[PDB]
file structure_24.csv (CSV, C-alpha atoms)
chain,number,residue,atom,x,y,z
H,278,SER,CA,112.8,155.6,34.2
H,279,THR,CA,114.2,152.8,36.3
H,280,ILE,CA,116.4,151.9,33.2
H,281,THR,CA,117.9,155.4,33.1
H,282,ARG,CA,118.0,155.9,37.0
H,283,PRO,CA,121.2,153.7,37.7
H,284,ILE,CA,123.2,155.1,34.8
H,285,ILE,CA,122.5,158.7,35.9
H,286,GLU,CA,123.5,157.9,39.5
H,287,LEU,CA,126.7,156.2,38.4
H,288,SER,CA,127.7,159.3,36.4
H,289,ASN,CA,127.3,161.5,39.5
H,290,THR,CA,129.5,159.1,41.5
H,291,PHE,CA,132.3,159.3,38.8
H,292,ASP,CA,132.2,163.1,39.1
H,293,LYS,CA,132.6,163.0,42.9
H,294,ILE,CA,135.6,160.6,42.5
H,295,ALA,CA,137.2,162.9,39.9
H,296,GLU,CA,137.0,165.9,42.2
H,297,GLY,CA,138.9,164.0,45.0
H,298,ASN,CA,135.7,163.8,47.1
H,299,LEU,CA,136.0,160.6,49.2
H,300,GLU,CA,133.0,161.6,51.4
H,301,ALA,CA,130.3,160.9,48.8
H,302,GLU,CA,128.5,157.6,49.0
H,303,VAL,CA,128.0,155.0,46.2
H,304,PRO,CA,124.4,154.0,45.2
H,305,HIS,CA,123.0,150.6,44.5
H,306,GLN,CA,125.8,149.1,46.6
H,307,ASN,CA,123.4,146.4,48.0
H,308,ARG,CA,122.3,145.2,44.5
H,309,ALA,CA,122.8,141.5,43.5
H,310,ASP,CA,122.7,141.7,39.7
H,311,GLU,CA,125.5,142.9,37.3
H,312,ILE,CA,124.6,146.5,38.3
H,313,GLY,CA,125.3,145.8,42.0
H,314,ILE,CA,128.7,144.3,41.1
H,315,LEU,CA,129.6,147.3,39.0
H,316,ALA,CA,128.7,149.7,41.9
H,317,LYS,CA,130.9,147.6,44.2
H,318,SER,CA,133.8,148.1,41.8
H,319,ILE,CA,133.4,151.9,42.0
H,320,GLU,CA,133.3,151.7,45.8
H,321,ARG,CA,136.6,149.7,45.8
H,322,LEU,CA,138.4,152.3,43.6
H,323,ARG,CA,137.1,155.2,45.9
H,324,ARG,CA,138.4,153.4,49.0
H,325,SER,CA,141.9,152.9,47.4
H,326,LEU,CA,142.1,156.7,46.7
H,327,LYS,CA,141.3,157.5,50.3
H,328,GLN,CA,144.0,155.1,51.5
H,329,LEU,CA,146.6,156.7,49.2
H,330,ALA,CA,145.8,160.2,50.5
H,331,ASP,CA,146.4,159.0,54.1
H,332,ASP,CA,149.7,157.4,53.2
H,333,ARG,CA,150.9,160.6,51.5
H,334,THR,CA,150.1,162.7,54.6
H,335,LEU,CA,152.1,160.3,56.8
H,336,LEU,CA,155.1,160.5,54.5
H,337,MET,CA,155.0,164.3,54.6
H,338,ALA,CA,155.1,164.4,58.4
H,339,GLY,CA,158.0,162.0,58.5
H,340,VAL,CA,160.1,164.2,56.1
H,341,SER,CA,159.3,167.4,58.0
H,342,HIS,CA,160.6,165.8,61.3
H,343,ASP,CA,163.8,164.5,59.7
H,344,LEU,CA,164.7,167.9,58.2
H,345,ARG,CA,164.0,169.6,61.6
H,346,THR,CA,167.1,167.9,63.0
H,347,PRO,CA,169.8,169.5,60.6
H,348,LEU,CA,168.2,172.9,60.9
H,349,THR,CA,168.3,172.8,64.7
H,350,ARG,CA,172.0,171.7,64.7
H,351,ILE,CA,173.2,174.6,62.5
H,352,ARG,CA,171.3,177.1,64.7
H,353,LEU,CA,172.9,175.9,68.0
H,354,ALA,CA,176.4,175.8,66.4
H,355,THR,CA,176.3,179.3,64.9
H,356,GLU,CA,175.2,180.9,68.2
H,357,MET,CA,178.7,180.0,69.7
H,358,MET,CA,180.8,181.6,67.0
H,359,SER,CA,183.2,184.5,67.8
H,360,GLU,CA,182.2,188.2,67.1
H,361,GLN,CA,184.9,188.6,64.5
H,362,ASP,CA,182.8,186.4,62.1
H,363,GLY,CA,179.4,187.6,63.2
H,364,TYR,CA,178.5,188.4,59.6
H,365,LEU,CA,179.1,184.8,58.5
H,366,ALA,CA,176.8,183.4,61.3
H,367,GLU,CA,174.1,185.9,60.3
H,368,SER,CA,174.2,184.7,56.7
H,369,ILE,CA,173.8,181.1,57.7
H,370,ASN,CA,170.9,181.9,59.9
H,371,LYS,CA,169.1,183.6,57.0
H,372,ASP,CA,169.7,180.5,54.8
H,373,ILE,CA,168.0,178.2,57.4
H,374,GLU,CA,165.0,180.6,57.4
H,375,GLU,CA,164.7,180.2,53.7
H,376,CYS,CA,165.0,176.4,53.9
H,377,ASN,CA,162.2,176.3,56.5
H,378,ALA,CA,160.0,178.5,54.3
H,379,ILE,CA,160.4,176.1,51.4
H,380,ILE,CA,159.3,173.1,53.5
H,381,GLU,CA,156.3,175.0,54.9
H,382,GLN,CA,155.3,176.1,51.4
H,383,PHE,CA,155.2,172.4,50.3
H,384,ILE,CA,152.8,171.4,53.1
H,385,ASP,CA,150.7,174.5,52.3
H,386,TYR,CA,150.3,173.6,48.7
H,387,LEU,CA,149.2,170.0,49.5
H,388,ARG,CA,147.2,171.2,52.5
I,278,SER,CA,127.2,136.3,25.6
I,279,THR,CA,127.3,139.9,24.3
I,280,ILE,CA,125.6,141.3,27.4
I,281,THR,CA,128.2,139.7,29.7
I,282,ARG,CA,131.2,140.9,27.6
I,283,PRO,CA,131.1,144.7,28.4
I,284,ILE,CA,130.5,144.1,32.2
I,285,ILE,CA,133.5,141.8,32.4
I,286,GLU,CA,135.7,144.2,30.5
I,287,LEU,CA,134.6,147.1,32.7
I,288,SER,CA,135.6,145.1,35.8
I,289,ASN,CA,139.1,144.5,34.4
I,290,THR,CA,139.4,148.3,33.8
I,291,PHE,CA,138.5,149.1,37.4
I,292,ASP,CA,141.2,146.7,38.6
I,293,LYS,CA,143.9,148.4,36.6
I,294,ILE,CA,142.8,151.8,37.8
I,295,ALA,CA,142.8,150.6,41.5
I,296,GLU,CA,146.4,149.3,41.1
I,297,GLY,CA,147.7,152.7,39.9
I,298,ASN,CA,148.2,151.4,36.3
I,299,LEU,CA,147.5,154.4,34.1
I,300,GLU,CA,148.9,152.6,31.0
I,301,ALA,CA,145.9,150.2,30.6
I,302,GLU,CA,143.4,151.3,28.0
I,303,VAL,CA,139.6,151.6,28.4
I,304,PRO,CA,137.3,149.4,26.1
I,305,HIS,CA,134.1,150.4,24.3
I,306,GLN,CA,135.3,154.0,24.3
I,307,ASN,CA,133.8,154.5,20.8
I,308,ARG,CA,130.3,153.2,21.7
I,309,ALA,CA,127.3,155.5,21.3
I,310,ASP,CA,124.7,154.0,23.7
I,311,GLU,CA,124.6,154.2,27.5
I,312,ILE,CA,127.5,151.7,27.7
I,313,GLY,CA,129.7,154.0,25.6
I,314,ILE,CA,128.9,157.0,27.9
I,315,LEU,CA,129.8,155.0,31.0
I,316,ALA,CA,133.1,153.9,29.4
I,317,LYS,CA,133.9,157.5,28.7
I,318,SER,CA,133.4,158.4,32.3
I,319,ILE,CA,136.0,155.7,33.4
I,320,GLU,CA,138.5,157.1,30.8
I,321,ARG,CA,138.0,160.6,32.2
I,322,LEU,CA,138.8,159.4,35.8
I,323,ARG,CA,141.9,157.5,34.6
I,324,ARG,CA,143.1,160.6,32.7
I,325,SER,CA,142.7,162.8,35.8
I,326,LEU,CA,144.9,160.4,37.8
I,327,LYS,CA,147.7,160.5,35.2
I,328,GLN,CA,147.5,164.4,35.2
I,329,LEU,CA,147.9,164.5,39.0
I,330,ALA,CA,151.0,162.3,38.8
I,331,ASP,CA,152.7,164.6,36.2
I,332,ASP,CA,151.9,167.6,38.3
I,333,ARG,CA,153.4,166.0,41.4
I,334,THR,CA,156.6,165.3,39.6
I,335,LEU,CA,156.9,169.0,38.5
I,336,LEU,CA,156.2,170.1,42.0
I,337,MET,CA,159.0,167.9,43.4
I,338,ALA,CA,161.5,169.4,41.0
I,339,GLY,CA,160.5,172.9,42.0
I,340,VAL,CA,160.9,172.2,45.7
I,341,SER,CA,164.3,170.5,45.2
I,342,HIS,CA,165.6,173.6,43.3
I,343,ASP,CA,164.5,176.1,46.0
I,344,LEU,CA,166.2,174.1,48.8
I,345,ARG,CA,169.4,173.9,46.7
I,346,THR,CA,169.9,177.6,47.2
I,347,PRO,CA,170.1,177.8,51.1
I,348,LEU,CA,172.4,174.7,51.2
I,349,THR,CA,174.9,176.3,48.7
I,350,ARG,CA,174.9,179.5,50.6
I,351,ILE,CA,175.8,177.9,53.9
I,352,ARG,CA,178.7,175.9,52.3
I,353,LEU,CA,180.4,178.9,50.7
I,354,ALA,CA,180.0,181.0,53.9
I,355,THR,CA,181.5,178.4,56.3
I,356,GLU,CA,184.6,177.9,54.0
I,357,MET,CA,185.7,181.4,54.8
I,358,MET,CA,185.6,181.2,58.7
I,359,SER,CA,188.8,181.6,60.8
I,360,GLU,CA,190.8,178.6,61.9
I,361,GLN,CA,189.9,179.2,65.5
I,362,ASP,CA,186.3,178.2,64.8
I,363,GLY,CA,187.0,175.4,62.3
I,364,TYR,CA,185.2,172.8,64.4
I,365,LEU,CA,182.0,174.9,64.2
I,366,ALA,CA,182.2,175.2,60.4
I,367,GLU,CA,182.8,171.5,60.1
I,368,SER,CA,179.6,170.7,62.1
I,369,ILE,CA,177.5,172.9,60.0
I,370,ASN,CA,178.8,171.2,56.8
I,371,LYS,CA,177.8,167.8,58.2
I,372,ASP,CA,174.3,169.1,58.9
I,373,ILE,CA,173.9,170.3,55.3
I,374,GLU,CA,174.9,166.8,54.0
I,375,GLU,CA,172.2,165.2,56.2
I,376,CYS,CA,169.6,167.7,54.9
I,377,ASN,CA,170.4,166.8,51.3
I,378,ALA,CA,170.2,163.1,52.1
I,379,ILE,CA,166.7,163.5,53.5
I,380,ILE,CA,165.4,165.3,50.3
I,381,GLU,CA,167.1,162.6,48.2
I,382,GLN,CA,165.4,159.9,50.2
I,383,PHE,CA,162.0,161.4,49.5
I,384,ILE,CA,162.6,161.5,45.7
I,385,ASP,CA,163.9,157.9,45.9
I,386,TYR,CA,160.7,156.7,47.6
I,387,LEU,CA,158.5,158.3,45.0
I,388,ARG,CA,161.0,157.4,42.2
call {"tool": "encode", "arguments": {"input": "structure_24.csv", "output": "structure tokens"}}
result
Amino acid sequence: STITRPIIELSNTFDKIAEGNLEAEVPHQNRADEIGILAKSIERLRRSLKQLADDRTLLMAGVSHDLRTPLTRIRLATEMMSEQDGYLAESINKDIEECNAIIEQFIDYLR
Amino acid sequence: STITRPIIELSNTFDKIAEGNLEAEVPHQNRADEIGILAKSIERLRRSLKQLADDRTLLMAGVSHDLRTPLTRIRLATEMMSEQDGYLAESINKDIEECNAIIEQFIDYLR
């Protein structure tokens, strides 16, 4: 059974990696023979995946902030327009709301 | 040695996967014994990564399109404002240009 044990365990580890589960642990990590080296390789790949996820999250936050600036600018500007063009200012306000919804939808999809 | 060959090859495959290289091929894919099964597991994980990349690209295009709509709307509206408020319309136009630059910067980073 010891011959079949490590292969079965490695299969389970691959499944966890495929499902984006970076919380699962790798078995036989402390082995010294070729099996131990192979397990270490899997652990390295898993770590790289987790790092990539963190980097992606940081990039998303940066983009959301940068786009917050132009939206705020258009809002403050429109508020000062005369009454004669009130319909124009209202249309621009609606457009900004749609823009914000698109950005929020993106974070929702990834989140 | 024949026993050392497959382990060395598997190690090289793990390195390619870790470096985000989904063009590299997996060895021993056609094997029938436990080694062949393990190799198939690696190929499955690699395939999943490639699929995620393609999906991310499609998602980016969808998001860029949706945001194109609000930007176009604000431009056409502002162009019709009276001369007395020309400075306000100009400021809003500048804001839209900044917004477009932010979205373009994101695509540039990924691409």
call {"tool": "residues_around", "arguments": {"input": "structure_24.csv", "residues": "region 378-383 of chain I", "least_positions_apart": "2", "cutoff": "8 Å", "atoms": "only C-alpha atoms", "output": "ChimeraX atom specification"}}
result
/H:340,343-344 /I:341,374-376,385-387
call {"tool": "residues_around", "arguments": {"input": "structure_24.csv", "residues": "residue 372 (chain I)", "least_positions_apart": "6", "cutoff": "10 Å", "atoms": "only C-alpha atoms", "output": "list in words"}}
result
residues 344, 346, 347, 348, 349, 350 and 351 of chain H; 348 and 378 of chain I
call {"tool": "closest_residue", "arguments": {"input": "structure_24.csv", "among": "I:288, I:282, I:323, I:359", "to": "residue 302 (chain I)", "atoms": "only C-alpha atoms"}}
result
I:323
call {"tool": "closest_residue", "arguments": {"input": "structure_24.csv", "among": "H:332, H:310, H:356, H:362", "to": "chain I", "atoms": "all atoms listed in the file"}}
result
H:362
call {"tool": "atom_distance", "arguments": {"input": "structure_24.csv", "atom1": "CA of residue 295 (chain I)", "atom2": "CA of residue 326 (chain H)"}}
result
8.0 Å
call {"tool": "decode", "arguments": {"input": "structure_24.csv", "residues": "region 293-324 of chain H", "atoms": "C-alpha atoms", "output": "compact mmCIF listing (two decimals), in the first residue's frame"}}
result
# COMPACT_ATOMS: atom_id res chain seq x y z
CA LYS H 293 -6.81 21.25 -5.03
CA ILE H 294 -4.39 23.31 -7.14
CA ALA H 295 -6.70 23.10 -10.19
CA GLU H 296 -9.65 24.40 -8.14
CA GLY H 297 -7.68 27.53 -7.07
CA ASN H 298 -7.47 26.26 -3.47
CA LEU H 299 -4.25 27.70 -2.03
CA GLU H 300 -5.20 26.70 1.56
CA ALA H 301 -4.64 22.93 1.09
CA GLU H 302 -1.35 21.45 2.31
CA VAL H 303 1.15 19.35 0.34
CA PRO H 304 2.08 15.82 1.66
CA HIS H 305 5.51 14.18 1.97
CA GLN H 306 7.08 17.69 1.94
CA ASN H 307 9.72 16.50 4.44
CA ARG H 308 10.85 13.48 2.34
CA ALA H 309 14.48 13.25 1.20
CA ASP H 310 14.26 10.85 -1.78
CA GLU H 311 12.99 11.64 -5.31
CA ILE H 312 9.42 11.62 -3.95
CA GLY H 313 10.27 14.41 -1.49
CA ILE H 314 11.81 16.53 -4.27
CA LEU H 315 8.70 16.07 -6.46
CA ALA H 316 6.40 17.14 -3.60
CA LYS H 317 8.54 20.25 -3.06
CA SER H 318 8.08 21.13 -6.75
CA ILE H 319 4.28 21.04 -6.32
CA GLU H 320 4.53 23.27 -3.22
CA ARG H 321 6.57 25.82 -5.20
CA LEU H 322 3.95 25.99 -7.97
CA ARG H 323 1.17 26.43 -5.39
CA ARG H 324 3.05 29.31 -3.74
